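These notes are about the structure you will find just below.
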DNA sequence: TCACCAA
DNA sequence: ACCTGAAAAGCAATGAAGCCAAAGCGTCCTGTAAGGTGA
RNA sequence: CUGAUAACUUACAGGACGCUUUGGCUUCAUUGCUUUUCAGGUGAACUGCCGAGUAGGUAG
């Protein structure tokens, strides 16, 4: 039931995961990738419903590139900013409720946090599903990456963050969920005809496991006042 | 270190044989004698300080 | 409908010649190249938006078109800083 | 118009002579040469 | 004006005698004399 | 339309 | 026609690792584009 | 259904000039490698003939 998507190589993503931290992109971006991969496949098979997704990152490379914004009306460019970007090469192991080759490739989603994500044609051989986690993780090639596990250590402050960033120099903080500011209401203009509330980012610390299967798998958790992509093991 | 005998060095363990290695030069058997040759130079460096 | 391609060029340069990758837009080093990590090396790349602007140089449908332009609203030229297809036209 | 040239020169210096390349700008070595890697 | 000279010597020393080259600026036994040197062959 | 404004 | 390569014990102590002097000055670090509100 | 959707950073370039690391030197005294050891499977392919033939030929 564990469908394996290998070598999802994003070229130009965003490193501004919060308005506060830079680094690996946010975990509502990796969630929205999978729930676009689910929701495409629900055109044919209306009960696909990924439960959780295992992330295996190789090769971040965060960098300040540029962003030439488009000319907007007196016709000149808008205000000049600064933008961090990253070039992720990760691999993804899902967890399905229960499919051809050519159904999967045309129903992959094509943007992971503003960046074009692709599988090479020669890597299409590795989209096959399995039944046991121990074979699905030994299945994918280019083995040399770290699984994402949240560092569930009590924290309240930036010094709480920076102290844990030196005992583990590979610990990376980014945006994990959205902390609201009011209850969602009906507005006259909303994103796709739903209820709209104003949110703020939530910053957590993120481990890396060598390989607790539940802890590795992430899912969307709804809290009456926030929404955080947690692992299953919390 | 003081001078009383160590009790580990028994009679048997001190007659045990002790193997080593040296370089060994000698005259070959049918030889006659040996030459030895060098050269000395006497200079006047002592006249003034270097 | 999907239609993936996979393109590969082969450039025979002169001896010991320059290459011109895309380079960054920030706010010391005055020509900072864009880069990506391939294996353990830094390598100059060309952007995902520098590339897509080259596939979409199509516009020669303007009133006085002598050269194709990148496809966009009030189609701009960056050799001469002007707007062909200006909104008053 | 394109016109690519490929220049090659040949220097016969004296015995054990000196060759002077270009040298770097720096902000203790007092003469640091510009370099590359060939083999 | 150019004027290149190619000079060459020939020293006849005693038997098994000592030759003294220039020696480098050095920046349980420590080297008390380090010669300047070049790679020939 | 233009006079407003910083590290 | 193929099959075999033995065991049993040992690998020494004594002493030292020099100094002395120095580390140059002149001169520079480019400019062009990209404003949201209010009378 | 991703701090969502859309996104060309560009153009030009001379780092140079000068430069004596030198002086002195003792590694060295001592020494037991020994003991023992089956390569076999050779009953196969013989006995004439010519030739000066220790060469070389031929019969069954």
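Protein chains in written order, with the entry's author numbering: chain A, 386 to 458, 463 to 487, 491 to 603, 608 to 630; chain E, 52 to 101; chain B, 203 to 229, 241 to 302; chain C, 203 to 229, 241 to 252; chain D, 203 to 229, 239 to 252. Every residue gets a Cβ at the ideal spot worked out from N, C-alpha and C, and that includes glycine.
- The beta carbon of residue 407 (chain A) sits closer than 8 Å to those of 400, 401, 447 and 473, all from its chain and outside the five residues before and after it, given in chain order.
- At least one beta carbon of chain E lies nearer than 8 Å to the beta carbon of residue 218 (chain D).
- Taking a contact as a CB-CB distance under 8 Å, the pair residue 226 (chain D) and residue 245 (chain D) counts as one, their CB atoms being some 5 Å apart.
- Shown here, residue 98 (chain E) sits in a helix according to DSSP, grouped into three states.
- Out of A:428, A:412 and A:444, the CA that lies nearest to the CA of residue 255 (chain B) is found in A:444.
- Between residue 251 (chain D) and chain C, the shortest Cβ-Cβ separation is not below 8 Å.
- Within the same chain, and ignoring the five residues on either side of residue 571 (chain A) in sequence, the residues whose Cβ sits closer than 8 Å to its Cβ are 591, 592, 593, 594, 621 and 622.
- The shortest CA-to-CA distance from residue 438 (chain A) to any of A:480, A:458, A:476 and A:429 is the one to A:480.
- Looking at the DSSP output, residue 480 (chain A) bridges to A:441.
- Contact annotation: in the region 249-280 of chain B, residues whose CB is within less than 8 Å of a CB in chain A are 249, 250, 260, 261 and 262.
- Each residue's CA atom was taken as its position, placing residue 95 (chain E) and residue 78 (chain E) some 40 Å apart.
- Residues of chain A with a Cβ closer than 9 Å to the Cβ of residue 287 (chain B) are, in chain order, 456, 458 and 464.
- Going by beta carbons, residue 477 (chain A) and residue 398 (chain A) fall inside the 8 Å limit.
- For residue 534 (chain A), the number of other beta carbons within 10 angstroms of its own is below 16, and it is reported as exposed.
- Neighbourhood of residue 90 (chain E) in chain D, by CB distance below 8 Å: 216, 217, 218 and 219, in chain order.
- Look at residue 241 (chain B): its C-beta is not under 8 Å from any C-beta on chain A.
- The beta carbon of residue 564 (chain A) is closer than 6 Å to those of 408, 409 and 598 in its chain, skipping five residues each way along the sequence.
- Going by DSSP, residue 610 (chain A) is part of the alpha helix (DSSP H) stretching over 609-612.
- Under the three-state reduction of DSSP, residue 498 (chain A) is assigned to helix.
- The three-state reading of DSSP puts residue 594 (chain A) in strand, counting E and B together.
- Taking CB atoms only, residue 229 (chain D) has no neighbour in chain C less than 8 Å away.
- The CB of residue 226 (chain B) comes closer than 9 Å to the CB of 448, 449, 450 and 451 in chain A, given here in chain order.
- Interface residue (Cβ-Cβ distance to chain A less than 8 Å): residue 282 (chain B) is not classified as such.
- Classified as buried, residue 541 (chain A) has 16 or more neighbouring CB atoms from the shown chains inside 10 Å of its CB.
- The three-state secondary structure of residue 582 (chain A), taken from DSSP, is coil.
- Within 7 Å of the CB of residue 626 (chain A), no CB atom of chain B is found; the nearest one sits about 30 Å away.
- Judged by DSSP secondary structure, residue 426 (chain A) falls within the alpha helix (DSSP H) whose first and last residues are 412-426.
- For residue 426 (chain A), not one C-beta of chain B is nearer than 8 Å to its own C-beta.
- The alpha-carbon separation between residue 464 (chain A) and residue 451 (chain A) amounts to approximately 21 Å.
- Distance from residue 389 (chain A) to residue 531 (chain A) at the Cβ level is roughly 6 Å; contact confirmed, criterion being Cβ atoms closer than 8 Å.
- In the three-state reduction of the DSSP assignment, residue 518 (chain A) falls in the helix class, which pools H, G and I.
- Residues of chain B with a Cβ closer than 7 Å to the Cβ of residue 560 (chain A) do not exist; the shortest Cβ-Cβ separation is about 21 Å.
- Across the set A:391, A:545 and A:526, the C-alpha of A:391 shows the shortest separation from the C-alpha of residue 513 (chain A).
- C-alpha of residue 602 (chain A) to C-alpha of residue 441 (chain A): approximately 10 Å in a straight line.
- The C-beta of residue 208 (chain B) comes closer than 8 Å to at least one C-beta of chain A.
- A Cβ of chain A is located within less than 8 Å of the beta carbon of residue 204 (chain B).
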